[PDB]
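1. Structure of the sequence below:
(chains A, B, C and D, ligands or ions: 8)
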Amino acid sequence: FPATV
Amino acid sequence: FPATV
Amino acid sequence: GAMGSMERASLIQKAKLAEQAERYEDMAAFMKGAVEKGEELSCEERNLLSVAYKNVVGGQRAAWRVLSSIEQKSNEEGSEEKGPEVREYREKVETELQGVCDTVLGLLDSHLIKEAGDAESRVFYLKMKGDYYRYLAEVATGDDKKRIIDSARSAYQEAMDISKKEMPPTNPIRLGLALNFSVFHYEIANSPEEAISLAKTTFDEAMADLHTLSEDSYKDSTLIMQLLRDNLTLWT
Amino acid sequence: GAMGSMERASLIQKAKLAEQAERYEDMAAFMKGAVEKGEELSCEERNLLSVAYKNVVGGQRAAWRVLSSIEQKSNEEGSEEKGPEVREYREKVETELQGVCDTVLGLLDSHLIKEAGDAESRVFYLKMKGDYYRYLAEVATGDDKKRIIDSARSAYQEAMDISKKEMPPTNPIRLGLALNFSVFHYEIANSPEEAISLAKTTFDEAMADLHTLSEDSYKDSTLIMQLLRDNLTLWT
Ligand SMILES: *CC(=O)NCC1CCN(C(=O)[C@]2(Oc3ccc(Cl)cc3)CC[C@@H](N)CC2)CC1
Ligand SMILES: *CC(=O)NCC1CCN(C(=O)[C@]2(Oc3ccc(Cl)cc3)CC[C@@H](N)CC2)CC1
Ligand SMILES: [Mg+2]
Ligand SMILES: [Mg+2]
Ligand SMILES: [Mg+2]
Ligand SMILES: [Mg+2]
Ligand SMILES: [Mg+2]
Ligand SMILES: [Mg+2]
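-> Residues are numbered from 1 along each chain as shown, chains lettered A, B, ... in the order given. Ligands and ions are numbered 1, 2, ... in the order given. Have a look at this structure:
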């Protein structure tokens, strides 16, 4: 899963 | 802290 | 609201205590109460709100994915029929997740966004609006899926337009917005080329502005720049 | 009960799904519903019940300790007065914790223990009774603290007496009971010598019976024996 903030 | 199960 | 009798300052104090205790449901409830006082939120307070709900919804998304995977496997050829339980429990978790998203979206619409005039506050809330529509989109399968996706897109796009006009390319809010909008493109909008372009352009324009920064601002910006690079690496 | 309309088997199925999803509040609610069907629990089911509540209360105990530490620091010389918030929120978490303990104790009293005739089931439930009285004791500060401690002691002692009569010294339930009773002595009863004696004697008597076991039973027993050794190491 990709990085989000 | 000591181990419990 | 159950928090209606508690002082604003006491709600903020308790939200901080709840964070230290890793009690994120409590933290979110405290912050919801604080928002419902009707005053604008400071930067620190906006971050408390975002941390709390990110952690609550994050847990729900992880649980949803576990359950959806089990459900998908149950609908493969040769899978023994086990009844409605998997679907029911995935639905339960889904409904709770949608409820949290609706709660956050509600706070933003009543009335955080409309009172937010400074770029930093307005972009922060519009990024949140995009994020919670994106979480709704992750679980959407019906008549309104397109409209939910479009709501996320519209919120992110407004935030991007303000951020480009009003904030430097290294601003952590501008960077985190771009990070997340890029993920929206890749995971939700079936637009991997747009995702990759956005992440690259954001990274490169930030790189060029690092020279203007203090050590501490450099730390903050480069952290998020690394997340952009991590996604690019995953995608290329 | 909100689970009154759900099939026993469906509650057990869902408790397993909730465990996979790390949804321990859900898992505990499912298992509570299953117990309230009124039938005895199998071994697998007893372990689902224990896992669920251990994880819920474990989280609450960890949060309580964080908050109690902050509260203690607030009552030191030179600490600036910050109002009632820390105490209030520690109290909130405490009350929720006590509620979970009371719920578990309630299930045991109505009517798990009284229907449990086999050593394995009876010792398991009596160990649970001791454990949840011990959690109550951890946060007790009033008129009833002694009685709460004595309730834990009495439950553990009954479980020990049955386990010594009816189970081999390597039985994992007998071992985990002794582990936890030893911790009761060290942390609750201000009896570190008793704690150490119990852990040592339990370890040594288990060591002497390992030769009787299969590979898989050996694995199970030696795991808990290592926890005994870990505590002994911490204490000596
Ligand atoms: C008021 C304000 O300036 N809010 C943003 C601020 C920027 C620094 N920061 C972070 O970098 C971390 O989280 C973010 C959250 C939201 C956005 Cl838009 C960007 C970053 C804080 C934790 C860290 N491990 C990841 C980045 C805190 C919030
Ligand atoms: C019905 C029954 O036999 N229940 C006990 C069984 C024993 C093996 N086991 C464990 O060893 C672990 O947890 C325990 C829980 C309770 C007790 Cl009394 C003893 C052990 C399972 C997880 C492991 N990481 C620690 C020991 C499962 C339960
Ligand atoms: Mg006031
Ligand atoms: Mg649904
Ligand atoms: Mg462009
Ligand atoms: Mg039935
Ligand atoms: Mg109290
Ligand atoms: Mg003895």
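2. For burial, what's the neighbour tally of residue C:204?
-> Residues near residue C:204, counting by other CB atoms under 10 Å in any protein chain shown, number 12. All C-beta spots, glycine's among them, are computed from the backbone N, C-alpha and C.
3. Show me what the helix or strand hosting residue C:72 is packed up against.
-> For residue C:72, the enclosing helix or strand under DSSP states H and E is helix C:43-74. Applying 3 or more CB pairs under 8 Å, 6 or more residues apart in numbering or on different chains; DSSP states H and E, one finds that helix C:43-74 makes contact with helix C:8-20, helix C:24-35, helix C:85-107, helix C:119-139, helix D:8-20.
4. gap between it and the chain center?
-> On the basis of CA atoms, centre = their mean, to the nearest Å, helix C:43-74 is displaced by 10 Å from the centre of the chain it belongs to.
5. quick check, that helix touching ligand 1?
-> Yes. Part of helix C:43-74 sits near ligand 1 under the criterion CB under 6 Å from any ligand atom, namely C:43, C:46, C:47, C:50.
6. That helix versus helix C:85-107: what angle between them?
-> 160 degrees (axes from the mean of the first three to the mean of the last three CA atoms, to 10 degrees).
7. Pull the contacting residues for the residue nearest the centre of chain C.
-> Nearest to the centroid of the C-alpha atoms of chain C, with distances taken as CA atoms, centre = their mean, sits residue C:131, at 3.6 Å. With contacts taken as CB atoms under 8 Å, 6 or more residues apart in numbering or on different chains, residue C:131 has the following neighbours: A:4, C:152, C:180.
8. Roughly how far does residue C:162 sit from residue D:78?
-> Counting by CB to CB, to the nearest Å, the gap from residue C:162 to residue D:78 is 46 Å.
9. The two - which one has more neighbours?
-> Set residue C:162 next to residue D:78 and count neighbours by other CB under 10 Å: residue C:162 wins out with 17 against 4.
10. Can you list phi and psi of that one for me?
-> With angles defined as degrees, to the nearest 10, residue C:162 sits at phi -60, psi -50.
11. that older thread, quick check, nearest of the contacts of residue C:131 to residue C:213?
-> Nearest to residue C:213 among these, counting by CB to CB, is residue C:180 at 22.0 Å.
12. so which strand or helix has the closest one?
-> With secondary structure defined by DSSP H and E, residue C:180 is part of helix C:172-183.
13. Mind listing what's buried along that helix?
-> C:172, C:173, C:174, C:175, C:176, C:177, C:178, C:179, C:180, C:181, C:182, C:183 (16 or more other CB atoms under 10 Å in any protein chain shown).
14. Now do whichever helix or strand comes after it against helix C:172-183, angle only.
-> Once the chain leaves helix C:172-183, the next helix or strand it forms, by DSSP H and E, is helix C:192-207. Computed with the same axes, to 10 degrees, the direction of helix C:192-207 lies at 160 degrees from that of helix C:172-183.
15. Only C-alpha atoms, please: export helix C:192-207 in CSV.
-> Included here for helix C:192-207 are C-alpha records, laid out as CSV according to Å, rounded to 0.1, in the frame of the first residue of the first chain:
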residue,chain,number,x,y,z
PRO,C,192,-1.4,5.8,-12.7
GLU,C,193,0.3,8.2,-15.2
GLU,C,194,-1.3,11.2,-13.5
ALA,C,195,-0.2,9.8,-10.1
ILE,C,196,3.4,9.4,-11.2
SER,C,197,3.5,12.8,-12.9
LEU,C,198,2.2,14.6,-9.9
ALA,C,199,4.5,12.9,-7.5
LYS,C,200,7.6,13.6,-9.7
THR,C,201,6.8,17.2,-10.4
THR,C,202,6.0,17.8,-6.7
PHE,C,203,9.3,16.2,-5.6
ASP,C,204,11.4,18.2,-8.2
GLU,C,205,9.8,21.5,-7.4
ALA,C,206,10.3,20.9,-3.7
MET,C,207,14.0,19.9,-4.3
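16. can you list the residues that contact that helix?
-> By CB under 8 Å, 6+ apart, helix C:192-207 touches C:169-170, C:175, C:178-179, C:181-186, C:221, C:225, C:228-229, C:231-232, C:235-236.
17. Ok, stretch C:94-101 next?
-> Residues external to stretch C:94-101 that are found in contact with it (CB under 8 Å, 6+ apart): C:28, C:53, C:56, C:57, C:60, C:61, C:64, C:132, C:133, C:135, C:136, C:139.
18. Repeat the analysis, applying 6 Å as the threshold.
-> Judged by CB atoms under 6 Å, 6 or more residues apart in numbering or on different chains, the contacts made with stretch C:94-101 from elsewhere in the structure are C:56, C:57, C:60, C:132, C:135, C:136, C:139.
19. Which residue, other than its chain neighbours, is closest to the last one?
-> When you say that, I think you mean residue C:139. Counting by CB to CB, 6 or more residues apart in numbering or on different chains, the nearest residue to residue C:139 once its immediate chain neighbours are dropped is residue C:94, at 5.3 Å.
20. how near is residue C:94 to residue C:61?
-> 10 Å.
21. Which one's more surrounded, the two?
-> A direct count of neighbours by other CB under 10 Å for residue C:94 and residue C:61 places residue C:94 higher, at 20 against 16.
22. roughly how far apart are that one and ligand 2?
-> For residue C:94, the distance to ligand 2 (CB to the nearest ligand atom, to the nearest Å) stands at 30 Å.
23. Spell out the secondary structure type for the residue in chain C sticking out farthest from the centre.
-> In chain C, the greatest distance from the average C-alpha position (CA atoms, centre = their mean) is reached by residue C:78, at 38.3 Å. When the structure is split into helix, strand and coil by DSSP: H, G, I helix; E, B strand; the rest coil, residue C:78 lands in coil.
24. for it, phi and psi?
-> Backbone torsions of residue C:78, given as degrees, to the nearest 10, read phi 90, psi 0.
25. Let me know the helix or strand that residue C:219 is in.
-> According to DSSP H and E, residue C:219 maps onto helix C:215-235.
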